[PDB]
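Visitor: Encoded as structure tokens, here's the structure I'll be asking about.
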Amino acid sequence: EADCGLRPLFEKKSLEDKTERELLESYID
Amino acid sequence: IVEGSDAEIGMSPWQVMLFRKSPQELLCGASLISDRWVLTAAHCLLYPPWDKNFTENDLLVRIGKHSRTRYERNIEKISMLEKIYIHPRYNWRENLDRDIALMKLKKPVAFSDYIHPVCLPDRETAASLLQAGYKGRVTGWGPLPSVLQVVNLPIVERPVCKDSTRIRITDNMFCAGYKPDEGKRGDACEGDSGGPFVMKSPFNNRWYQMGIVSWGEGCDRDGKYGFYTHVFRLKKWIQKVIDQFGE
Ligand SMILES: *[C@@H]1O[C@H](CO)[C@@H](O)[C@H](O)[C@H]1NC(C)=O
Ligand SMILES: [Cl-]
């Protein structure tokens with residue numbers, strides 16, 4: 001449904017978790 | 001999870017644990033995909049050669065958990081199940097092809113800071129993100145480890161996946177894990193089965209469940225990879241069940 005996959009404690013607060021950059025870095029190589 | 005690190009609070013708010021109700025026993029991981037539906041691996045519920053065939057009344061789920069050795073008052077939620085739905089072409093006899101199952105909660109759950117559903121991939125997201133080298137994330141509990149563990153693992157090249165096992169692998173599976181001499185380690189293990197392999201979309205920054213932990217050879221052994229149910233390939237059945245039942 002409309003709000004899936006957005007974490008209240010992370011994306012909803014403009015906060016990064018400790019290792020998510022590594023995931024996104026892996027797509028942009 | 002082996003060779004991971006502690007999860008941060010609220011990092012994986014779609015994480016679900018499946019329990020046998022009586023007698024109490026952690027069976028599998030699973031994932032929250034709406035207020036009423038939980039996704040897991042079929043082998044967690046049905047596996048005839050082992051006389052395994054759980055019904056809805058045998059089971060409970062626990063949602064919003066961060067710590068393993070405690071009822072987490074005010075954070076955690078416990079739900080019973082109304083019905084279990086197993087893929088009709090789940091191939092338990094040969095290779096666990098289409099290792100997927102849905103569980104309908106008795107009542108809808110309320111979302112919170114700790115409880116929130118993951119997205120299921122559309123065609124464009126699956127095609128863009130399911131590529132060798134691209135990393136997803138698996139979460140679950142540690143060996144013998146009171147706090148939820150997380151590990152990030154890259155998707156493996158299909159010929160390399162096939163090459164690692166005698167089992168006939170299908171388009172309904174992918175594998176992930178570090179090759180030997182990549183340095184980094186990490187793997188899903190046993191009790192993490194049924195749990196989600198998630199990716200964060202660079203298009204809309206939502207988390208998508210691309211895989212379900214399905215099977216492997218042992219745990220974080222060099223040259224072996226965990227195998228995962230390809231969620232997008234099975235979305236037609238997922239959407240059918242959720243649309244048909246769920247009243
Ligand atoms: C699983 O259980 C149901 C009864 O609830 C039964 O009809 C079905 O044949 C069983 N399947 C097995 C053991 O493979
Ligand atoms: Cl299907």
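For the structure tokens, the naming scheme is as follows: chains receive sequential letters (A, B, ...) according to their order of presentation, residues are indexed from 1 within each chain, and ligands are indexed from 1 in presentation order.
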From a DSSP pass on the backbone, collect the residues of chain A flagged as helix (DSSP H, G or I) and hand them back as a list in words.
Guide: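 The helix (DSSP H, G or I) subset of chain A is residues 11, 12, 13, 20, 21, 22, 23, 24, 25, 26 and 27 of chain A.
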Visitor: Using only N, CA, C and O atoms, please write the residues we just selected to a file, as a PDB file, in the first residue's frame.
Guide:
ATOM      1  N   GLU A  11      13.903   6.937   6.910  1.00  0.00           N
ATOM      2  CA  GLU A  11      13.517   7.812   5.779  1.00  0.00           C
ATOM      3  C   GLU A  11      12.540   8.933   6.179  1.00  0.00           C
ATOM      4  O   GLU A  11      12.653  10.063   5.698  1.00  0.00           O
ATOM      5  N   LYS A  12      11.577   8.616   7.040  1.00  0.00           N
ATOM      6  CA  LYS A  12      10.574   9.589   7.466  1.00  0.00           C
ATOM      7  C   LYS A  12      11.172  10.755   8.280  1.00  0.00           C
ATOM      8  O   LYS A  12      10.575  11.812   8.371  1.00  0.00           O
ATOM      9  N   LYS A  13      12.364  10.556   8.837  1.00  0.00           N
ATOM     10  CA  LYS A  13      13.050  11.574   9.631  1.00  0.00           C
ATOM     11  C   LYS A  13      14.322  12.098   8.956  1.00  0.00           C
ATOM     12  O   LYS A  13      15.136  12.768   9.592  1.00  0.00           O
ATOM     13  N   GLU A  20      23.347   1.522   4.960  1.00  0.00           N
ATOM     14  CA  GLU A  20      22.560   1.611   3.730  1.00  0.00           C
ATOM     15  C   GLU A  20      23.311   2.249   2.555  1.00  0.00           C
ATOM     16  O   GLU A  20      23.013   1.929   1.400  1.00  0.00           O
ATOM     17  N   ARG A  21      24.308   3.100   2.841  1.00  0.00           N
ATOM     18  CA  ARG A  21      25.091   3.719   1.770  1.00  0.00           C
ATOM     19  C   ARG A  21      25.807   2.639   0.955  1.00  0.00           C
ATOM     20  O   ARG A  21      25.852   2.707  -0.272  1.00  0.00           O
ATOM     21  N   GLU A  22      26.332   1.633   1.650  1.00  0.00           N
ATOM     22  CA  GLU A  22      27.030   0.505   1.024  1.00  0.00           C
ATOM     23  C   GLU A  22      26.138  -0.205   0.008  1.00  0.00           C
ATOM     24  O   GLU A  22      26.603  -0.673  -1.033  1.00  0.00           O
ATOM     25  N   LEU A  23      24.852  -0.307   0.325  1.00  0.00           N
ATOM     26  CA  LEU A  23      23.910  -0.914  -0.599  1.00  0.00           C
ATOM     27  C   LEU A  23      23.777  -0.034  -1.831  1.00  0.00           C
ATOM     28  O   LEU A  23      23.954  -0.507  -2.950  1.00  0.00           O
ATOM     29  N   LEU A  24      23.479   1.246  -1.628  1.00  0.00           N
ATOM     30  CA  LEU A  24      23.329   2.154  -2.762  1.00  0.00           C
ATOM     31  C   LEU A  24      24.632   2.353  -3.542  1.00  0.00           C
ATOM     32  O   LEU A  24      24.595   2.441  -4.765  1.00  0.00           O
ATOM     33  N   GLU A  25      25.783   2.369  -2.854  1.00  0.00           N
ATOM     34  CA  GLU A  25      27.074   2.448  -3.560  1.00  0.00           C
ATOM     35  C   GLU A  25      27.255   1.267  -4.523  1.00  0.00           C
ATOM     36  O   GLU A  25      27.855   1.413  -5.583  1.00  0.00           O
ATOM     37  N   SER A  26      26.699   0.110  -4.162  1.00  0.00           N
ATOM     38  CA  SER A  26      26.860  -1.100  -4.962  1.00  0.00           C
ATOM     39  C   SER A  26      26.097  -1.011  -6.284  1.00  0.00           C
ATOM     40  O   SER A  26      26.467  -1.684  -7.227  1.00  0.00           O
ATOM     41  N   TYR A  27      25.053  -0.178  -6.354  1.00  0.00           N
ATOM     42  CA  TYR A  27      24.270  -0.057  -7.590  1.00  0.00           C
ATOM     43  C   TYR A  27      24.902   0.938  -8.559  1.00  0.00           C
ATOM     44  O   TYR A  27      24.778   0.782  -9.771  1.00  0.00           O
TER      45      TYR A  27
END
Visitor: Could you tell me, counting only C-alpha atoms and all ligand atoms, which protein and nucleic acid residues lie no more than 12 Å from ligand 2, written as a list in words?
Guide: residues 86, 87, 88, 89, 90, 97, 98, 99, 100, 101, 171, 172, 229, 230, 231, 232, 233, 234, 235, 236, 237, 238, 239, 240 and 241 of chain B
Visitor: Can you spit out the residues from that selection as a PDB file, in the first residue's frame, using C-alpha atoms?
Guide:
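Contents of part.pdb, as written:
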ATOM      1  CA  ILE B  86       1.201 -22.093   0.172  1.00  0.00           C
ATOM      2  CA  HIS B  87       2.147 -21.761  -3.518  1.00  0.00           C
ATOM      3  CA  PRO B  88       0.323 -24.648  -5.370  1.00  0.00           C
ATOM      4  CA  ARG B  89       3.461 -25.450  -7.421  1.00  0.00           C
ATOM      5  CA  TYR B  90       5.883 -25.306  -4.485  1.00  0.00           C
ATOM      6  CA  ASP B  97      11.205 -24.285  -6.377  1.00  0.00           C
ATOM      7  CA  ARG B  98       8.627 -21.554  -5.573  1.00  0.00           C
ATOM      8  CA  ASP B  99       9.458 -21.621  -1.860  1.00  0.00           C
ATOM      9  CA  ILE B 100       6.813 -19.074  -0.866  1.00  0.00           C
ATOM     10  CA  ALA B 101       3.880 -18.788   1.530  1.00  0.00           C
ATOM     11  CA  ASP B 171      14.586 -18.705 -12.572  1.00  0.00           C
ATOM     12  CA  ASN B 172      12.570 -18.560  -9.300  1.00  0.00           C
ATOM     13  CA  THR B 229      13.129 -17.112  -3.527  1.00  0.00           C
ATOM     14  CA  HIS B 230      12.732 -14.602  -6.363  1.00  0.00           C
ATOM     15  CA  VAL B 231       9.773 -12.591  -5.029  1.00  0.00           C
ATOM     16  CA  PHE B 232       8.973 -10.670  -8.275  1.00  0.00           C
ATOM     17  CA  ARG B 233       8.736 -13.909 -10.348  1.00  0.00           C
ATOM     18  CA  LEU B 234       5.999 -15.016  -7.970  1.00  0.00           C
ATOM     19  CA  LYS B 235       4.142 -11.699  -7.570  1.00  0.00           C
ATOM     20  CA  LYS B 236       1.185 -12.835  -9.712  1.00  0.00           C
ATOM     21  CA  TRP B 237       0.334 -15.519  -7.148  1.00  0.00           C
ATOM     22  CA  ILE B 238       1.015 -13.115  -4.227  1.00  0.00           C
ATOM     23  CA  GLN B 239      -1.380 -10.506  -5.689  1.00  0.00           C
ATOM     24  CA  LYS B 240      -3.960 -13.173  -6.509  1.00  0.00           C
ATOM     25  CA  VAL B 241      -4.028 -14.521  -2.899  1.00  0.00           C
TER      26      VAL B 241
END
Visitor: Hey, which residues come within 8 Å of ligand 1 if we count only C-alpha atoms and all ligand atoms? Could you give them as a ChimeraX atom specification?
Guide: /B:46-48,51-55
Visitor: Save the residues we just selected, N, CA, C and O atoms, as a compact mmCIF listing (two decimals), in the first residue's frame?
Guide:
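Here's the written file part-v7.txt:
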# COMPACT_ATOMS: atom_id res chain seq x y z
N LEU B 46 5.45 -26.15 5.39
CA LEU B 46 5.17 -27.46 4.80
C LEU B 46 6.42 -28.11 4.26
O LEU B 46 7.15 -27.53 3.46
N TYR B 47 6.66 -29.33 4.71
CA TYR B 47 7.76 -30.12 4.21
C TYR B 47 7.46 -31.59 4.51
O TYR B 47 7.93 -32.14 5.52
N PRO B 48 6.65 -32.22 3.64
CA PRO B 48 6.13 -33.59 3.83
C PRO B 48 7.16 -34.67 4.16
O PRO B 48 6.87 -35.51 5.01
N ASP B 51 7.37 -34.82 7.59
CA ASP B 51 6.05 -34.82 8.22
C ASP B 51 5.67 -33.43 8.77
O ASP B 51 4.83 -33.31 9.67
N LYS B 52 6.31 -32.40 8.22
CA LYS B 52 6.06 -31.02 8.63
C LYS B 52 4.89 -30.47 7.82
O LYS B 52 4.91 -30.49 6.58
N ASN B 53 3.87 -30.00 8.52
CA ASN B 53 2.65 -29.54 7.89
C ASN B 53 1.85 -28.72 8.91
O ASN B 53 0.80 -29.14 9.38
N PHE B 54 2.37 -27.55 9.25
CA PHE B 54 1.75 -26.70 10.25
C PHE B 54 0.44 -26.12 9.74
O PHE B 54 0.29 -25.84 8.55
N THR B 55 -0.53 -26.00 10.65
CA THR B 55 -1.77 -25.29 10.36
C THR B 55 -1.76 -23.96 11.13
O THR B 55 -0.90 -23.73 11.97
Visitor: Determine the nearest neighbour of residue 200 (chain B) from the options B:161, B:61, B:120, B:105, counting only C-alpha atoms.
Guide: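 Comparing B:161, B:61, B:120, B:105 against residue 200 (chain B), the winner is B:120.
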Visitor: Pick out each residue of region 9-205 of chain B that DSSP on the backbone tags as strand (DSSP E); I need them as number ranges by chain.
Guide: B: 15-20, 25-32, 37-40, 46-47, 52-53, 59-63, 77-79, 81-86, 101-105, 135-140, 149-154, 173-176, 196-200
Visitor: Hey, what's within 9 Å of residue 147 (chain B) if we count only C-alpha atoms and toss same-chain stuff fewer than 5 positions away? As an mmCIF file with C-alpha atoms, in the first residue's frame, please?
Guide:
data_model
loop_
_atom_site.group_PDB
_atom_site.id
_atom_site.type_symbol
_atom_site.label_atom_id
_atom_site.label_comp_id
_atom_site.auth_asym_id
_atom_site.auth_seq_id
_atom_site.Cartn_x
_atom_site.Cartn_y
_atom_site.Cartn_z
ATOM 1 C CA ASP B 6 23.651 -5.459 15.613
ATOM 2 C CA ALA B 7 20.654 -3.827 13.912
ATOM 3 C CA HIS B 66 14.531 -5.910 18.441
ATOM 4 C CA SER B 67 15.637 -8.168 21.265
ATOM 5 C CA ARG B 68 15.372 -11.953 21.354
ATOM 6 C CA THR B 69 15.337 -12.772 25.031
ATOM 7 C CA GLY B 140 17.682 -12.320 11.750
ATOM 8 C CA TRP B 141 19.081 -13.627 15.042
ATOM 9 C CA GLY B 142 22.674 -14.667 15.845
#
